[PDB]
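Chemist: in the first instance, please consider these chains from the complex; the rest will follow:
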Amino acid sequence: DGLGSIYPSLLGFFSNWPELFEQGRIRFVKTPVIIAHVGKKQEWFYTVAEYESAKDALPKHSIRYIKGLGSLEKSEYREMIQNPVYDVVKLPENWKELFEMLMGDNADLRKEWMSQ
Amino acid sequence: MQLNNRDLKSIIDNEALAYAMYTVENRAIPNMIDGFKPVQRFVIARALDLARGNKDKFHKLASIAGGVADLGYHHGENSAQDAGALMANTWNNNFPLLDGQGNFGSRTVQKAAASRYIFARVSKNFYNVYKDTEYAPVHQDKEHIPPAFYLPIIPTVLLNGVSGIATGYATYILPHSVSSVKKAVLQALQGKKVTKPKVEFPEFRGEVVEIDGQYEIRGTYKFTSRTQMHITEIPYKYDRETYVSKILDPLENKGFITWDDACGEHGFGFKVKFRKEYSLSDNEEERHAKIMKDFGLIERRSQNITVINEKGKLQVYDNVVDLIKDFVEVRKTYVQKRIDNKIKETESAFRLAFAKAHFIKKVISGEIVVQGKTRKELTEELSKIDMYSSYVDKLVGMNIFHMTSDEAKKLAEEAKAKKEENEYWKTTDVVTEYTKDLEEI
Amino acid sequence: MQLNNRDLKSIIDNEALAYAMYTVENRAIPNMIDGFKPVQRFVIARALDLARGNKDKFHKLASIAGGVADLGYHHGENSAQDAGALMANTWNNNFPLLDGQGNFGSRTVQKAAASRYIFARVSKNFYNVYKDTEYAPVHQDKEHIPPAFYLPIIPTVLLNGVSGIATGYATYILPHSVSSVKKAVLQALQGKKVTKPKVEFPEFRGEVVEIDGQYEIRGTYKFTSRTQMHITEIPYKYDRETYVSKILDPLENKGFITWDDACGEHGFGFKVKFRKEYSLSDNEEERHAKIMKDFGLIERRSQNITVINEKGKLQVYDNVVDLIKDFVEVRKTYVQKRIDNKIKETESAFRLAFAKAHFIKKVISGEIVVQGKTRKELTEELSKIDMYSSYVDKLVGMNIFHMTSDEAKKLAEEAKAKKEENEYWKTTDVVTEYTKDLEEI
């Protein structure tokens, strides 16, 4: 939901001002979607593909899916804010054609965009 | 303290593409074989888990929404009880799978009911269509307690209409008539000429006519007099308030018509007096077409099929019959697999029944008896016997009233019943059992 | 058709009186025993319903809210899950009733989130204070599937803070401290002079000053300098939002204060720079009185004790020690009932075990012979024996691995094991087991 819908729409909103992108002041915070108990310790997985690549290699567990911060606990939030992880968002030189290709009202862009 | 440069193209190609394919398969478009959404599979899977005890008990729609995350739902549940609320009607769907309890609605109210008032149970239609669901294909996710897809004997998606809408893609199928789809899959069984099924919408006393891809869903009116008229059926895309605010309210503001309620038990009844400003032709055909266009009793519709196969990708069909025969061939293959598996289990339960019958016949009369010995060496002594082997664990935990001679014959006669079921299911095929499945209706 | 005159005295003194009765006795009040309102009794009752299978699995609040109407609930489930959200705090409650998993707020925020992100399960402290629940007094209504109340060793009404509000009456009780109430029920068990427990708040560094039937809950503050200010604790009825909105903002738009945040591991850390046109008193006691008058760090609270008893009727009290003593004298009768009933069943169990052990000692080359004879013959000949008077159904439901020597000694040692349990629960009384279940903290 978040990183697929409110992320690229607000990046298309932010595309009017690239100066804060080359100032490096926009920082995405990578957030976990699965917290898994293995043995005693926990493991964090940010996206579903990160879990699904490492699902078979990891042993028997008890997972908890994370829908958002409402399922995250106190110590988990204090760890991810006092030791945060940022993606630095850099606009390319062809940001306008990407934002028109992915945010324009033509559905055909979304048709052969997914066909590759 | 991590900082990584993140470019927009790989952002698109990972997560926007993931959002696109997620909206395609896991949010909007059902699989072509059974016609269920994944959230809809969660709804009927929770219906199975709720009605494991009794079929006839009525569960709350909050109860069908309650324990959903343990079966693999991970998203907003409010869409799950609203999707459950948009299926158990008698009026939007020809073919319900859930008996309702409460005002789920009629055609006169388009709104679904709340999650605080209506009970529901599963219908008999689940026990008419959806069979051998222990042989459903296991989903790749272990957390996915519902299967990869369910097991229908019919193309269900044609029976109630599905509007799927996702990232750059659209699809719409429309409801049909039960005997038309029934004779269509009867012809598709026998390799005959398959007729495209007749379109039926429930609680609709008008008709739907197919004109060059367009479908015209017709509202009905009748001349009460020269200036008086009665609308008796309207198209379903207009509700009561929608026909009022889209037709009737933008006709009394201009002083054209005058309307009042006459909604009987059949449905959408209105009575309209034509004013003197709204003039009508003497010839009835252009007057009829003028009234038919002005009152909006035409519902135009267009079709789109972008549906999902069993291989996890898209497939576009032009018509109904190709999807029908693809359903027929995949149903023939999986019914052949399930009867081969039944052969495997029918011979296993034969082997266990003959083993327990011969074991009881030697326990009653023979040297095979237990008397203050060591359970373990007794089980090893049974493990010496080749046809007492691999069944020793439940034999020590087996009751003493089989030791009476009333049940020593009973085990034998039930083994004979297994015999007749074993070489009864050694001779059956796909086509006669699925013929039995179609004549169950 | 019944055109009946229903007069207003009849309307009030039947219908509104029953509505008032429902508010005062089945909506608002917690009993002095369990400390639970009936919707709380519904919440922990369905928590026990979903506690089976594992005591460490986490469950959805909507999974409780689904089938709460099975137990006799006939209202909206949203109030029930918000009630369970309050008992999911462990900051508004000193005593943790349920272990939880999700975002539950802090001191600084009070509105709990919706059910859609929240997992809950039974806490261990339930099992510390609630035990032996099959002896709970079954409610007079048949579809009231939970009992009247449950079995705590403690009055839980005084542990977490009760505001009880209904038609006419109102009541309020502050929380307390675990060691204080533990030594209080020691001293009230022993019959000595009973000490008042200390009122405790969780996660809270303020001070409760007890003067003239009056509780002054005092937030903390410190003069870091003459002008610069640090309030570290605010009183308990206020959170960070209303301390900003009703204290920090109205003095901030008057040219006297400029507030900022300095929180941390503890909340409510406000660093306030006073302005130069606001007077700092060199009289420090006048400074203290004026900072109490303006900043409002002293919250004064008066309790109110009206309760429904064990008999179902209203009782007005003024002291908490009388509630402890009433709890003890009410509880000891049902403890003695449990002791006598437990003696009855433990004896029935010992005579059952000795009967089945001496049965098996009369089967293994014994006079009780099973082969060659039918079911009815053995049921009649064991029914004529007085020491198999009414047990022969589970003798016949018994299976053949109760034939060896090792099981015969097992039945003998388990018969003498529940014999010594029979004598051990036969000797004891109320007081020493109440001491034991108190010291199992």
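Modeler: Yep, that arrived. Numbers count the residues shown, from 1 in each chain, chains lettered A, B, ... in the order given.
Chemist: residue contacts, residue B:83?
Modeler: B:37, B:39, B:40, B:43 (C-beta atoms under 8 Å, 6 or more residues apart in numbering or on different chains). Any C-beta I mention is one placed from the backbone N, CA and C, and that applies to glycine too.
Chemist: closest one of those residues to chain C?
Modeler: Set against chain C, the nearest of the contacts of residue B:83 by C-beta to the nearest C-beta is residue B:43 (13.4 Å).
Chemist: please name the nearest non-neighbouring residue to the closest one.
Modeler: Closest residue to residue B:43 apart from its sequence neighbours, by C-beta to C-beta, 6 or more residues apart in numbering or on different chains: residue B:84 at 4.7 Å.
Chemist: CA atoms only: put the helix or strand that contains the one you found into CSV for me.
Modeler: Assigned by DSSP states H and E, residue B:84 belongs to helix B:78-85. Extracted in CSV, the C-alpha atoms of helix B:78-85 (Å, rounded to 0.1, in the frame of the first residue of the first chain):
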residue,chain,number,x,y,z
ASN,B,78,-13.6,-4.0,6.1
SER,B,79,-13.3,-4.9,2.4
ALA,B,80,-13.7,-8.5,3.4
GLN,B,81,-17.0,-8.1,5.1
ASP,B,82,-18.2,-5.7,2.4
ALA,B,83,-17.3,-8.3,-0.2
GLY,B,84,-19.1,-10.8,1.8
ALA,B,85,-22.1,-8.5,2.0
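Chemist: give me the distance between the residue nearest to residue B:40 when sequence neighbours are not counted and chain C.
Modeler: In space, and not counting its chain neighbours, residue B:40 is closest to residue B:83: 6.0 Å by C-beta to C-beta, 6+ apart. Residue B:83 is 16 Å from chain C, where distance means C-beta to the nearest C-beta, to the nearest Å.
Chemist: also, this goes in as DNA strand D:
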DNA sequence: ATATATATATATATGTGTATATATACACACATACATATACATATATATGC
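Modeler: Just below you will find DNA strand D, in place on the chains above:
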């Protein structure tokens, strides 16, 4: 020299999702305050009194 034939992007709208909020009754028995006014003491002063 404006009437009309016609063409094309406006308005729902469908279902799915994903998230908000809001008016009220309940009642004590105080809690904080909202001004608030009000009556009375005393000060000075000035203008009378001498």
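Chemist: the helix holding residue B:84: which residues count as buried?
Modeler: B:80, B:81, B:83, B:84, B:85 (16 or more other C-beta atoms under 10 Å in any protein chain shown).
Chemist: same question, stretch B:47-59
Modeler: For stretch B:47-59, by 16+ other C-beta under 10 Å, it's B:47, B:49, B:50, B:51, B:58, B:59.
Chemist: what about it, how long is it end to end?
Modeler: 9 Å (C-alpha to C-alpha, to the nearest Å).
Chemist: quick check on the one residue in chain A that gets nearest to chain B: phi, psi?
Modeler: Closest residue of chain A to chain B, C-beta to the nearest C-beta: residue A:110 (2.6 Å). Per-residue torsions, residue A:110: phi -70, psi -20 (degrees, to the nearest 10).
Chemist: same list (the buried residues of helix B:78-85) but as TSV, adding distance to residue B:351.
Modeler: Putting the buried residues of helix B:78-85 into TSV (distance: C-beta to C-beta, whole Å) gives the following:
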residue	distance to residue B:351
B:80	44
B:81	47
B:83	46
B:84	44
B:85	49
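Chemist: my guess is residue B:331 contacts residue B:154. True?
Modeler: No - using C-beta atoms under 8 Å, residue B:331 is not in contact with residue B:154, being 9.4 Å away.
Chemist: is any residue of the next helix-or-strand element following the helix holding residue B:84 near chain C?
Modeler: As assigned by DSSP H and E, the chain's next helix or strand after helix B:78-85 is strand B:98-101. No - for strand B:98-101 and chain C, the contact criterion (C-beta under 8 Å from any C-beta of the partner chain) is not met; the two come no nearer than 12.6 Å.
Chemist: and strand B:98-101, which strands flank it?
Modeler: strand B:119-122 (antiparallel) (DSSP bridges).
Chemist: DNA strand E comes next; put it on the structure above:
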DNA sequence: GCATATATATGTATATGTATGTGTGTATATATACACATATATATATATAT
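Modeler: So that you can see how it sits with the rest, here is DNA strand E on the chains above:
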């Protein structure tokens, strides 16, 4: 030229009577605003033509 006296005006400090709570959740219902697209529809803007 100076005693003086009392008068009223304004601090002031308390004590009145109200006024607003919201308390703290339970309880009842309802509303909100967005993203995903084709399919009509409609309505009015321009050309032309005599």
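Chemist: rewinding a little: is the helix holding residue B:84 anywhere near DNA strand D?
Modeler: Yes - part of helix B:78-85 sits near DNA strand D under the criterion C-beta under 7 Å from any atom of the strand, namely B:78, B:79, B:80, B:82, B:83.
Chemist: that helix near DNA strand E anywhere?
Modeler: No - contact of helix B:78-85 with DNA strand E (C-beta under 7 Å from any atom of the strand) is absent, the minimum separation being 9.4 Å.
Chemist: that older thread, want to throw the residues of helix B:78-85 next to DNA strand D into JSON lines with distance to residue C:324?
Modeler: Formatted as JSON lines, the residues of helix B:78-85 next to DNA strand D follow (distance: C-beta to C-beta, whole Å):
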{"residue": "B:78", "distance to residue C:324": "46"}
{"residue": "B:79", "distance to residue C:324": "51"}
{"residue": "B:80", "distance to residue C:324": "48"}
{"residue": "B:82", "distance to residue C:324": "51"}
{"residue": "B:83", "distance to residue C:324": "53"}
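Chemist: closest one to residue B:229 out of the residues you listed, please.
Modeler: Top of the list for closeness to residue B:229, among these and by C-beta to C-beta, is residue B:82 at 37.7 Å.
Chemist: wait, isn't the closest one in contact with residue B:112?
Modeler: Yes - using C-beta under 8 Å, residue B:82 makes contact with residue B:112 at a distance of 6.1 Å.
Chemist: any part of stretch A:103-116 near DNA strand D?
Modeler: No - judged by C-beta under 7 Å from any atom of the strand, stretch A:103-116 and DNA strand D are separated, with a smallest distance of 9.2 Å.
Chemist: ok, stretch B:216-231 next?
Modeler: No - contact of stretch B:216-231 with DNA strand D (C-beta under 7 Å from any atom of the strand) is absent, the minimum separation being 13.1 Å.
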